[PDB]
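K.L.:
task: produce atomic coordinates for the following.
(2 chains, ligands or ions: 1)
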Amino acid sequence: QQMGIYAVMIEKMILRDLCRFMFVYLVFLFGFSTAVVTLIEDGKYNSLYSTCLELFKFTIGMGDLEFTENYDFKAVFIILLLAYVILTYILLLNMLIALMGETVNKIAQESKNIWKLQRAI
Amino acid sequence: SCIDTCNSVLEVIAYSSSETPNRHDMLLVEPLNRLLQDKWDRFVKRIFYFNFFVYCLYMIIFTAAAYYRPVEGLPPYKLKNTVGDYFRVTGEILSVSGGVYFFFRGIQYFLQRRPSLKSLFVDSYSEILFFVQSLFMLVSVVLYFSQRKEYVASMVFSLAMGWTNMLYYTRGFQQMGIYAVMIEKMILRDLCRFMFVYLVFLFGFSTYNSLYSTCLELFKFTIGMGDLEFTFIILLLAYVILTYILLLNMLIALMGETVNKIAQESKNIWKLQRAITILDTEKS
Ligand code: NA
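P.N.:
Numbering: from 1, shown residues only, chains lettered A, B, ... in the order given. See the structure here:
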């Protein structure tokens, strides 16, 4: 019963909150990565994949803020990175936690009923 | 009569002054919601989807043109007899055309609506954001033809604004449209309060012999990258305890509270946004 309901909650969270969050997060990440890589003149990080990975490192608490220096207008680079950090890390990821708490609050009976139907199947 | 079209009721509610007591709630009245849904499902869903597709194509072409910008120095850059250079230049022309299109669309909005300088910067955030993206694109063009490399700075701010503006089209889908209304309400209320207090604390504790370097080192703590030995211990521990362990968790808690109380208000605001979209499509 307990693990069953926990798995049902995981399913519900993956289908609603993770989905909505991943769409908005991927849009922001691609936009800010296309901006940063365009600003970069050349070097190791002059590819879309490398810059996307560098900006995704921020989501997992491993962002550098100085991962490259092959650019002009350091102010432009710093402002872009700070905007990306404030929009994703400090806002969107905490909002995901807050929306996950609301979902937990509202899907107890639904999650127990779904588990019971699964066991009936 | 005088509901669908006339001062029609729908055009009165949608284009209200943002001081109206129940601007978001008057659309819940029985006939109006069902009329707006009818207009949506009949013709405004298809028109809006076409607009979204066109905007996605525009952003893809702009991203491709900016990605393959030449690095030679002191524009303008002479076109070579290469197919790739012919694709890049046509993409750039399309990007500038879209920027001009959005600039003129913002001017037309500010003219026909005449915002009162408070609802200008308190409501209609989408119009201002698209207009500012267009402004960045036009400034980029002006700098580009002035032989200035700062054109790239204006262009990359236009690109990040244009990709972040794709969140406008989340309206037209209820779940994503309400999530985007909830993102707006978090940004205006919780992020603002937290950022004011957080910036005060950061500047105080920061005040590596330069202010910028120490501010960056102390901001690294917020993103889970703080060193604690980057170059004193009591100051760093006080800053960590007051920002990382207290204020950032308090932000999460307050965000949870907001989400709990804005559920109904977030749906009403999304419905009003879609009504505005349906009226704009009808008029144009
Ligand atoms: Na970390």
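K.L.:
and the top helix by length along chain A, which residues are buried?
P.N.:
Ordering each helix of chain A by length in residues (DSSP state H) puts helix A:19-39 first. Neighbour counts over helix A:19-39 (16 or more other CB atoms under 10 Å in any protein chain shown) mark A:20-21, A:24-25, A:27-39 as buried. In short, each C-beta sits where N, CA and C put it, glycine included.
K.L.:
go back to those residues and keep what's next to chain B.
P.N.:
A:20, A:24, A:27-28, A:30-32, A:34-39 (CB under 8 Å from any CB of the partner chain).
K.L.:
which of the residues you listed sit farthest apart?
P.N.:
A:20 and A:39 (29.6 Å; CB to CB).
K.L.:
burial count for the closest residue to the ion within chain A?
P.N.:
Closest to the ion within chain A is residue A:61: 3.0 Å, counting by CB to the ion. Look at residue A:61: counted by other CB atoms under 10 Å in any protein chain shown, it has 10 neighbours.
K.L.:
residue closest to the middle of chain A?
P.N.:
By CA atoms, centre = their mean, chain A has its centre lying nearest to residue A:25, at 4.8 Å.
K.L.:
list the contacts of residue A:47.
P.N.:
residue A:37 (CB atoms under 8 Å, 6 or more residues apart in numbering or on different chains).
K.L.:
and it, what are its phi and psi?
P.N.:
Per-residue torsions, residue A:47: phi -120, psi 150 (degrees, to the nearest 10).
K.L.:
tell me the spacing between it and residue B:38.
P.N.:
Distance of residue A:47 to residue B:38, given as CB to CB, to the nearest Å: 49 Å.
K.L.:
now residue A:22
P.N.:
For residue A:22, the distance to residue B:38 equals 33 Å [CB to CB].
K.L.:
residue A:4 too?
P.N.:
To residue B:38, residue A:4 is 43 Å away according to CB to CB.
K.L.:
what helices and strands are in contact with the helix or strand containing residue A:117?
P.N.:
Element membership for residue A:117, per DSSP states H and E: helix A:108-120. Helices and strands touching helix A:108-120, by 3 or more CB pairs under 8 Å, 6 or more residues apart in numbering or on different chains; DSSP states H and E, are helix A:2-13.
K.L.:
near chain B at all, the helix it packs on?
P.N.:
No - Helix A:2-13 lies out of reach of chain B by CB under 8 Å from any CB, never closer than 13.5 Å.
K.L.:
got the buried residues for that helix?
P.N.:
By 16+ other CB under 10 Å, the buried positions in helix A:2-13 come out as A:5, A:8, A:9, A:12, A:13.
K.L.:
quick one: residues contacting residue A:38.
P.N.:
Residues counted as contacts of residue A:38 (CB under 8 Å, 6+ apart) are B:66, B:67, B:69, B:152, B:155, B:156, B:159.
K.L.:
how about a cut-off of 6 Å?
P.N.:
The neighbourhood of residue A:38, defined by CB atoms under 6 Å, 6 or more residues apart in numbering or on different chains, consists of B:66, B:67, B:156.
K.L.:
picking up where we left off before, could you list every residue that touches the residue nearest to the centre of chain A?
P.N.:
The contact partners of residue A:25, by CB under 6 Å, 6+ apart, come to residue A:92.
K.L.:
can you do 10 Å?
P.N.:
A:18, A:56, A:59, A:87, A:88, A:92, A:93, A:96 (CB atoms under 10 Å, 6 or more residues apart in numbering or on different chains).
K.L.:
close to chain B, is stretch A:57-73?
P.N.:
Yes - using CB under 10 Å from any CB of the partner chain, stretch A:57-73 reaches chain B at A:57-66, A:71-73.
K.L.:
for whichever residue of chain A sits closest to chain B, give me its contacts.
P.N.:
Of all residues in chain A, residue A:31 sits closest to chain B, at 2.4 Å by CB to the nearest CB. Shown in contact with residue A:31 (CB under 10 Å, 6+ apart): A:84, A:87, B:59, B:63, B:159-167.
K.L.:
cool, and residue A:42?
P.N.:
Contacts of residue A:42 by CB under 10 Å, 6+ apart are A:70, A:71, B:71.
K.L.:
and what about it, helix, strand or coil?
P.N.:
Three-state call for residue A:42 (DSSP: H, G, I helix; E, B strand; the rest coil): coil.
K.L.:
what does it show for phi and psi?
P.N.:
phi -170, psi -180.
K.L.:
if we can go back for a sec, hmm, who's touching the helix holding residue A:117?
P.N.:
So helix A:108-120 is in contact with A:1-12, A:103-104, A:107, going by CB under 10 Å, 6+ apart.
K.L.:
next, the buried residues of that helix.
P.N.:
So, applying 16+ other CB under 10 Å, buried residues of helix A:108-120: A:111, A:114, A:115.
K.L.:
so what's residue A:39 up against?
P.N.:
Neighbours of residue A:39 in contact, by CB under 10 Å, 6+ apart: A:51, A:68, A:70-74, A:76-77, A:80, B:66, B:152-153, B:155-157, B:159-160.
K.L.:
hmm, back to that, and the furthest pair within the contacts of residue A:31?
P.N.:
Checking the contacts of residue A:31 with CB to CB, the most distant pair is A:87 and B:63, at 18.1 Å.
K.L.:
burial count for residue A:62?
P.N.:
For residue A:62, the neighbour count with other CB under 10 Å is 12.
K.L.:
with the one 5 residues further on instead?
P.N.:
Close neighbours of residue A:67, defined as other CB under 10 Å, add up to 18.
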